[PDB]
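Student: My structure is below; once you've seen it, I'll send some questions.
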Amino acid sequence: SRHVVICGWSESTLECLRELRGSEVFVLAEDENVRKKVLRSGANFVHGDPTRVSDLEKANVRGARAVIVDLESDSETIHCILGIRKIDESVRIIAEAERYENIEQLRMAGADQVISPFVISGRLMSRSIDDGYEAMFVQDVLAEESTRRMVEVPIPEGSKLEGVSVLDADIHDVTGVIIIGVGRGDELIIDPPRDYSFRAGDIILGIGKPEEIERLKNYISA
Amino acid sequence: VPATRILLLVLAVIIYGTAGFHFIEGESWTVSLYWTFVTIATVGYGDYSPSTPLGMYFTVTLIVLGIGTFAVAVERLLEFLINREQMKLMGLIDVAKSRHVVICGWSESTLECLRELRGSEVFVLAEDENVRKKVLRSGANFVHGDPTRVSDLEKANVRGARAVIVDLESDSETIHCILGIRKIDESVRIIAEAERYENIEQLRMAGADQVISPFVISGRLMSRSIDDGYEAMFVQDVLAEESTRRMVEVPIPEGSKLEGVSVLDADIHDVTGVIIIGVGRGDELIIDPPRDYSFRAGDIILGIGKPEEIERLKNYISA
Amino acid sequence: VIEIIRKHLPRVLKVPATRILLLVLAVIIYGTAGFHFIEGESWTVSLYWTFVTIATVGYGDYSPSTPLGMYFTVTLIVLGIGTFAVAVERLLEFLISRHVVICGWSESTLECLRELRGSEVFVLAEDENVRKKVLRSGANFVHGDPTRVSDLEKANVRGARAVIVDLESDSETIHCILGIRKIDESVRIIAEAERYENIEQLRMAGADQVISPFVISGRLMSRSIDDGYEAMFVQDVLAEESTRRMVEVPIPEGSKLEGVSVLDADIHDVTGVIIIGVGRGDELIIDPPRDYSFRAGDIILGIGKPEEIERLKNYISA
Amino acid sequence: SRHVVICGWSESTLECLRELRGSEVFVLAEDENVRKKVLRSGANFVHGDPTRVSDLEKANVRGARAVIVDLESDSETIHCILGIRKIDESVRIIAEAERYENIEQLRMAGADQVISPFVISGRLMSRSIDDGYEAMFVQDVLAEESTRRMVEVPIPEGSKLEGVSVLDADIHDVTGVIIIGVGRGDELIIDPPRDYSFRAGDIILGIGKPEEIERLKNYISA
């Protein structure tokens, strides 16, 4: 589609570029050690300060489709999010919280999705004291080299599953795809109850083999 | 002054006290020693007292001597007790926790690990003495030392721990701290944190049992939240112990009802209501198991469901 | 006498009260149980006696009856009173419109605190050296990081009249405004910008009045090159010692001026104040035009003598 | 023959370049301010991170005959040997341990020779309190401008002294070379016993005058 701007360069924006192959990426950071790393990863480099609005418009924020803000501190991530919200008041901002207490304050600043890597890994370290199957499931469904991939399929308008409840469908027994959650808008219902009924526009978060996912895309088609 | 001067003066008085009450009053040593204490203690219970001019004389003299030396000995004792506690607060030795947990390094990853590990004994081994205040505010004991030293890893009692959590500044010291633990105890559980994707196979070959990479997890949730952020909304909500559904794992006991049956004939989701996202046997995990998967004893079923549904599952898999 | 020792040695008040409490409790347990099982006392008595014994009073209503009782009690007392004295010393140590909050300490907040000498002021700054300067100005000091919600609630932000944020940079000033809006979205926030470019980010974060001092100062050092009357007017109408002052006068309901235009009212001729502006809610019309009719609720910004100010209040009244 | 890779710049690796004049030497360091100091000694600078496996293949570790690792800590020296041993499993690694407890951990990671300078300095410090003749011996035979040189002369296949013991050979009287050891593979027998017989291709570590070294190589020739 369109291009993706990345504000700041860290170890998590370096691992994000490995899946943005086939798109166009503008990285906005400092020159001293970063320009050689960015051009070796298939992205443009725009030298500037991402907290400054005159340098955000060099990186083409106004026409982008997603902005990814991973700065050094959580006070400079907020100061860069409010600089994006002056140029374009509608673009998607995926921020990243270095501390847990600033998660509610990066949503007030304007971010649409706040990733928090140290609360996730701090909660997978304490659930691996006994046995670490919680940590082996998160780090497997996100890699695109595995067998089962967590995908999301949208329910079309005027479909064969619109209005049909989850008891009447039994999507795992027919398609082989585990329906671990149904998202409607900006809210996600993990493990929906048996009295839930689908609509037109619901997105089905699911885990299955690519043989099984394409069988699900034909099961909800009309 | 030597501590021995203080002690000898104390001892001299109790001897004086005990002996004079015997010589003046004719009282036995049991009561003579006791009375001397009673007067030093300034309690006066009313059983023993001097009953002669010399006993009264002796007693008054004795009290003065007794309290003086006593009070000094006591303040030294109290100072020693405080000093011992202060050293413990700084951190020195580790009290043989059978299952205690050792945390090598203080960062933002191991701080949210200490919010879920409340109640258990947790020792935090870190080099900077500035973070001593943050560790004891979270209810964890602090051990001041360098975690890449085998002479300082033994000060935190790594040999008796149930798990060691390693999160140091770089990946160079996380491998070096793992290599130090594997010669102290080659059977303890090491959970370590990888900052680069290059070193995940390096931390695992050095001896880590579970390697967790937060920049590869977050780097994959940021490239997947561009279109729709339902993948990061799911991951960050099943780990929180404040949501509705909770991801727990139940083991299959010996002689159960499900020992041998396939997954399709079991109907774990239909009866219990728990979504079975995967099953794990030993040290591997199979996500979305096929329908021909036969359950064996010792398996571990990893699932998501409400806490009303998990109890319904446990009675269904029981023996 | 141990209490004398404690006064001599406050130097060892270094450990948690929780350690102190656990240890004293262990002692009273020893005492009480022995009186119950060795002396044969009831539990009411055993505890009573134990307290009396530990405290070193020893009335003698109860006393040890056997050598074992004597051995037991000697231990009980010798250890208990020391601990008791410690516990007592720690307890003594512990025992002995609205306000405005100021987050940060700089030269802008030191001159702001001169005019707020009547009200109650809490100053929240993380540096420990600035504690002495707040108490000289008649304001309470709260020690903590002002960008933290756990330390903003210690400074009583939720019931404040207004909060004044003046921190070291504009990244921390924004991170502090969003921490106040996390507590309440109704209190007034007055913020200060160091750079001209960050004025719109401080308004989006939640500040109600952004005061940029170096933009006013830079725009007064370019007008003072020819004649310095612009920098002489601004630095005179704000001084409270001055002869003329820039004050605000609200128009009450059903007034004699409502619906009257500014050339139909003739305020400067009758009263004697100079109408430099009139504010309607959160805006301000400086030099209002001919067809501006007044209303009940507008605030009149004027400059005049204090003997001309009361004449304006006695004229526009209902 | 081939080149030599030197990871890390310090005072130990500066003194190694003074005796490596006339060979190709690549220096892989993370500081940019040392580019003038490296190039002044006849060494081609390669800017990179030595503990990263991508920047190790920049400096041609594969076609090297020796890799000298000396970094700022024993953690990064262990991590650099673990990265060279992935690339080249048969290259020769010379490493520099700081602590005494890390000598076996640098050796289990894959280093062929571990030189600990802080232990040799601590041994010669406590042996110079009475008479400092032991410290003067070590710092004179290693100098390139001294009267006597400590050398290594190997036994060729088919030599005159195959099977001869060290007693009946009498190396010191014929040649003048003080025989302080015989190396057989990766072990060294300091002060070899009189019943120790020689063998083909066995090195003789010894001290002597340069006119006495040339008289030894004819005494052991065929």
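Residue 1 is the first one shown; counting continues down the chain.
Positions of Cβ are set from backbone N, Cα and C atoms, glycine also.
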Student: Per Swiss-Prot, which of C:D166, C:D208, C:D226 sits in the Ca(2+) site along with C:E192, C:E194?
Tutor: C:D166
Student: Could you tell me which of the ranges C:56-61, C:266-271, C:278-283, C:308-313 is annotated in Swiss-Prot as intramembrane segment?
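Tutor: The listed stretch tagged intramembrane segment in Swiss-Prot is C:56-61.
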Student: Could you tell me what the rest of the chain brings near the intramembrane segment (C:56-61), counting residues at least six beyond its ends with Cβ under 8 Å?
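Tutor: The answer is 49, 77, 81.
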Student: Based on Cβ atoms within 10 Å, give me the single least packed residue among the binding-site residues C:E192, C:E194.
Tutor: C:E194
Student: Determine which residues of the chain contact the transmembrane segment (C:18-38) at the Cβ level, with the cut-off under 8 Å and only residues 6 or more beyond its ends counted.
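Tutor: For the transmembrane segment (C:18-38), the far contacts come to 45-47, 49-51, 53-54, 62, 66, 68-69, 72, 75-76, 79-80, 83-84, 86-87, 90.
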Student: Residue list, the intramembrane segment (C:46-55) vs rest of chain: Cβ under 8 Å, 6 or more residues beyond ends.
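Tutor: Contacts with the intramembrane segment (C:46-55): 27-28, 31-33, 35-36, 39, 61-62, 73, 76-77, 80-81, 84.
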Student: Taking 8 Å from the centroid of the Cβ atoms of C:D166, C:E192, C:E194 as the cut-off, which other residues in that chain fall inside it around the Ca(2+) site?
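Tutor: Going along the sequence, the neighbours come out as C:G104, C:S106, C:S108, C:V165, C:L167, C:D170, C:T173, C:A191, C:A193, C:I211, C:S212, C:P213.
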Student: Same chain only, please: residues at least 6 beyond the ends of the topological domain 'Extracellular' (C:62-66) with a C-beta under 8 Å from a C-beta of the stretch. Say none if there are none.
Tutor: 35, 38-39, 41, 45, 48-49, 52, 72-73
Student: Other than its close neighbours in sequence, what residues sit by the topological domain 'Extracellular' (C:39-45), given a CB gap under 8 Å and a spacing of at least six beyond its ends?
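Tutor: Counting only partners 6 or more residues beyond its ends, the topological domain 'Extracellular' (C:39-45) has Cβ contacts under 8 Å with 32, 62, 64-66, 69.
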Student: Just to be sure I understand the packing, how many Cβ atoms besides its own are within 10 Å of the Cβ of C:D166 (Ca(2+) binding site)?
Tutor: 25
Student: Check C:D166 (Ca(2+) binding site) against DSSP and tell me helix, strand or coil, would you?
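Tutor: C:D166 (Ca(2+) binding site) sits in coil per DSSP, no helix or strand.
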Student: Give the helix, strand or coil assignment DSSP yields for C:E192 (Ca(2+) binding site).
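Tutor: C:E192 (Ca(2+) binding site) sits in a strand per DSSP.
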